[PDB]
**Q** 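The structure is given below, and queries will be raised subsequently.
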Amino acid sequence: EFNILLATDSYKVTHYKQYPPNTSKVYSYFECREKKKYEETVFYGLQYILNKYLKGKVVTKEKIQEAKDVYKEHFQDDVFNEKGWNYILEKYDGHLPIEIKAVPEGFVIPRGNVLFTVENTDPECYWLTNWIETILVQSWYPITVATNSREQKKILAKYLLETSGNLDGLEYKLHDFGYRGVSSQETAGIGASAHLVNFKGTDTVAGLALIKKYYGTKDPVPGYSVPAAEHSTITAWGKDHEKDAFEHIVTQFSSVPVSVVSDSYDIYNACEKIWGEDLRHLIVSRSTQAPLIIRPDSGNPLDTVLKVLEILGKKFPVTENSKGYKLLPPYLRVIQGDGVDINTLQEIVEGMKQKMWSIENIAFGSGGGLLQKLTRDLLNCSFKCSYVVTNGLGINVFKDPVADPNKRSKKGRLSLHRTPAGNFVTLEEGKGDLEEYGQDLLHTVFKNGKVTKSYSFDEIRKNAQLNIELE
Amino acid sequence: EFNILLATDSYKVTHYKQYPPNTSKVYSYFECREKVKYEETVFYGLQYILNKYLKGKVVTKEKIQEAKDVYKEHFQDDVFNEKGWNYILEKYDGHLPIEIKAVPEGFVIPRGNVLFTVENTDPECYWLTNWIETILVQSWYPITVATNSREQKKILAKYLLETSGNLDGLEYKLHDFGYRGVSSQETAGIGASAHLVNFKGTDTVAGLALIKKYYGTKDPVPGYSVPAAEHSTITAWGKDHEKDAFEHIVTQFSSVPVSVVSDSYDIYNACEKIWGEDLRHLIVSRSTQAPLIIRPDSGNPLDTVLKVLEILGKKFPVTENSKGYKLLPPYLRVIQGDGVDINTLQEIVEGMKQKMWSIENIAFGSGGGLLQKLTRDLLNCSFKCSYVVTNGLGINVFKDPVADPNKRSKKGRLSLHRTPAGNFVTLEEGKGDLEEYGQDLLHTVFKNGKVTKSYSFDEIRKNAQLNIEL
Ligand SMILES: CC(=O)Nc1ccc(NC(=O)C2CC2)cc1
Ligand SMILES: CC(=O)Nc1ccc(NC(=O)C2CC2)cc1
């Protein structure tokens, strides 16, 4: 069973002996720090952490004893705020005396703005604000996945609109194949749910359950998939029988869309000879609601995609759309699911555009690039103390390392506001109290062990829409 | 509650309909495919997966119904193999009819060798082998952390041995600060445990419990930490009171080691004037068992370490060790916990060596670089079918993409062997049965719902030792 007393950076266990004596309040904030591109970030994932880990009776006698026993061996010393944890158990029935205020989930906010703040609601628990830094900072992950996923959506929308004249199917153009490429089951669910803020396609089922339990959607599920082969279901037929495997699978799945990996031995032979000749009669007969989707999975991603389209365009009837771009027949599409990240995604669609291929023709799958090849440094996700009260006097605190101005932190009590031009500004030093900038956009979401404001996944999706979708 | 019917890639739900008719056996294997350079990998972490997710009754009526309802909406179609899962429920009381063979955990094996194999033990459950690919493939993560952690130990060992003449304290030279920098609580525990294969220092508490539950150590805990400041415990005193903060903290922790972040405003001032002058009397009085450990945390990592050392060298009595390298007094050390990954670690220790500073003087902390900035591509961790039986005939299967020879997979039944020179070789096409290469080095670790062979964390550590330690 999860124990919040064991869910912090070890050294934090020792911090109740380090703050200035007579400190009644520690107030800290989280930002995606500006770095001297990722100019705006989707705020998502806090509500999961609040419900799964922080809410309700999270302290018990047994949990305190367990922690005491572990830390004694871990430190080879007795340092551990047993009294402090007892106080929360006795006075608040194990509920964290903490208030967290946050921007609504789904909101898209420029770098360098306060996204949430944390403070203790009882003077005795001044040490608790930063105890829970470790667990709260892990919000960097769904924030970064949602943000990086949204940025790939911008690229797709731009090129889809240019080559086709509309955005139809945009929400299916980047599929999550990341289940096997992430570091754990829990990461898989969190990461999949963050991708679903922006798209509807995922093969990692864990994302669905998480969304239902922690956020909720009107639709039965937030995510979808279609029948698809892997290399094992082709190669199991034997090297001389790829055609047989192909024929079997497309016939099994004759009325739904079907993805078939085509590069087991020779992707170009498979497209030109097998699909394009031997089995062409099983492809051209297919419904528009059930195309064959050809899946290359090796080689230079751009070069392979172009050569695959070139091959197919000579074997199947291609049309030219109203924008001047070439379009495969509706029963035939391509998915590139190898080597895809935000950099290569851009290179592929631009390369397709150069060769006059509509983005209508293709969709993308991303695994490690989508859910694993990301770090806290990408958006400089960071949690810092900005305000303390000591001897009843509030003081604005901050770091400002001489060798790195980029690591300077904000001062005092913070608030987030709309500017007169409609942008965002973070006010420091309690200047929000002057009320010159309209309402603070941060809302209380957690207070004294209870979740006080929640968002549905439908609202979050609405908040995270692209401008191009809006327009 | 975790449901293994829902812990696969969505598309694998439809695979029982895609294999050749009358297939009775699917046999697959995992390798770190040969292409840095990461020539050898530590095999670690399968035992966690076996126990937490695969063993015992993993199928119930409720889990079957649950997955049915989920997949119906997910595919917008009824495609779930309800009958197959019911067969396992009814026949084997929900225990998986699967056999897994694996190299011992902690083993250091060159790239391109079979590390584990998977096959169904019941003909009806031919589809089961690749259903669990997704869960088993996540072993890439502990393998890669452990391997990358060990590669850094190799670097530290070389430079420590060169500058000091021994390896004393090596196991504490790379400390895990990755708890906040990983993608989840579960990942934190797994990765920390993998780091602990090589080192004893971690602030990621979750690692200890994982090891205790799934592996076990003779000692009460496998990892240790020491009291340390963060920016909030320095800055909370106010910008004009950094000295007061330093004095309070080193006085509170006067007889244990204490790490004190010193770059809140001006690292160089902090070292030269605050520590080196104002509070010097509180530092030179400390025990060898309780040093002050000064922690810079910003600026170019190499330049910052070198300047911090030059500053301290002029304020405190420096000795020259037997190898001719400079050594701070035993009550004073440094930890660099910013910008550290396998690349910069190398640059820092080489830079220290060039300036005649012993590696004894320093330790490193790494977070995202240690536990998060790694992918399945680093070691090319990959799971592939190599052998099937269809119509009673065994077939050696494989992929071999024309535009990428690096993606070619192995053929047939596999086994791992010791060569005449004492190295590892993987034999394909069932050739291990010819008995020209001695016994198979893989062991059966899982069979029909039971873990059949396991390793303590102490055994794993021993297996993973560096040659220089041996
Ligand atoms: C629009 C589209 O192409 N969707 C789509 C295509 C393929 C897959 N799935 C696969 O290709 C799996 C085998 C990897 C999922 C959605
Ligand atoms: C040998 C050594 O220097 N160990 C060591 C030093 C510092 C810390 N911990 C910290 O510096 C925490 C503040 C980040 C842990 C172990």
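Convention: sequence-line order gives letters A, B, ...; per-chain numbering from 1. Whatever order the structure lists ligands and atoms in, that order sets their numbers, starting from 1.
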**Q** Do you know which two heavy atoms are closest between A:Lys17 and A:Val79, and how far apart they sit?
**A** NZ-CG2, 4.0 Å
**Q** Less than 3.5 Å apart, any donor N or O on the side chain of A:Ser28 or A:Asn130 sitting next to an acceptor on the other?
**A** yes
**Q** Between A:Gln336 and A:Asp338 (side chain of the first, backbone of the second, donor and acceptor by atom type, cut-off under 3.5 Å), is there such a pair?
**A** yes
**Q** Checking A:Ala228 now: which residues fulfil side chain to side chain contact (heavy atoms under 4.5 Å, CB included) with it, not counting sequence neighbours?
**A** A:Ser259, B:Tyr11
**Q** Is it the case that the ring center of B:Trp127 lies less than 6.0 angstrom away from the ring center of B:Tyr19?
**A** no
**Q** Would you kindly say whether B:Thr233 and A:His15 are connected by a side-chain donor-acceptor distance under 3.5 Å?
**A** no
**Q** For ligand 1, run through the N/O pairs with the protein that fall under 3.5 Å and put one pair on each line.
**A**
{"residue": "ligand 1", "atom": "11 (O)", "partner": "A:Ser259", "partner atom": "OG", "Å": "2.7"}

